[PDB]
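A.B. asks: This is the structure I want to talk about, given as structure tokens.
Cβ placement follows ideal geometry from the backbone for every residue including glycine, while neighbour counts extend to all protein chains displayed. Read-outs throughout are calculated quantities, based only on the coordinates presented, and are distinct from any laboratory measurement.
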Amino acid sequence: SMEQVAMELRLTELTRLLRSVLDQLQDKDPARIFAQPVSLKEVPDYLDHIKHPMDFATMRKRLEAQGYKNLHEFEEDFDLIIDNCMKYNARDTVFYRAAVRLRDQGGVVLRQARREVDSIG
């Protein structure tokens, strides 16, 4: 149908916007701490601690399959990156501290993303 096409164009454009959001958030992680899944070879107990691992590469795979229907779903995954790290790692670690900085700096980007998503519809 024409409606299904219009819906699909909307999703494509959301994907475009979320791709720019993802790039901006990932720039706030210059150390690349969050770039890839925590290695289960190197952290064999990880899934005993963290039930829903997340990382920027995994988000990018979902994004490119158009697997984010709305900004809430995308934000859920970003918050998992931060929150998983802040539980597994102690406050006095470079990992915890990187997550705090990513949360703080990402807030700004996500605030305007939400306005853009609502504005453009």
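A.B. asks: From the residues in region 16-35 that are of a type in the set (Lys, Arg) and in a loop (DSSP other than H, G, I, E, B), which one is farthest from residue 73 (Cα to Cα)?
C.D. replies: 32
A.B. asks: Go through 58, 12 for me and flag whichever is loosely packed, with under 12 Cβ neighbours inside 10 Å, touching a residue at least 12 places away in the same chain (Cβ under 8 Å) and either among the aromatic types (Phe, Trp, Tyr) or outside any loop (DSSP other than H, G, I, E, B) (or both).
C.D. replies: Of 58, 12, the one residue that is loosely packed, with under 12 Cβ neighbours inside 10 Å, touching a residue at least 12 places away in the same chain (Cβ under 8 Å) and either among the aromatic types (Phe, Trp, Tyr) or outside any loop (DSSP other than H, G, I, E, B) (or both) is 12.
A.B. asks: Quick check on this structure: which one of 65, 35, 6, 31 is aliphatic (A, V, I, L, M) and either crowded, with 17+ Cβ neighbours inside 10 Å or within 12 Å of the chain's Cα centre (by Cα) (or both)?
C.D. replies: Going through 65, 35, 6, 31 in turn, the sole match is 35.
A.B. asks: Hey, any hits in region 20-31 for a residue that's farther than 24 Å from residue 115 by Cβ and not acidic (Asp, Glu)?
C.D. replies: Here is the first cut: in region 20-31, the ones farther than 24 Å from residue 115 by Cβ are 30-31.
Restricting the remaining residues to those that are not acidic (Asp, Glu) gives 30-31.
Yes, that holds for at least one residue.
A.B. asks: Kindly indicate whether residue 38 is over 24 Å from residue 105 (Cα atoms), assigned to a loop (DSSP other than H, G, I, E, B) and β-branched (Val, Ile, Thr).
C.D. replies: Here the answer is no, as residue 38 does not meet what is asked.
A.B. asks: Based on what the data block shows, is residue 87 assigned to a helix (DSSP H, G or I), under 13 Å from the mean Cα position of the chain (by Cα) and exposed (fewer than 13 other Cβ atoms within 10 Å of the Cβ)?
C.D. replies: Answer is no for this residue.
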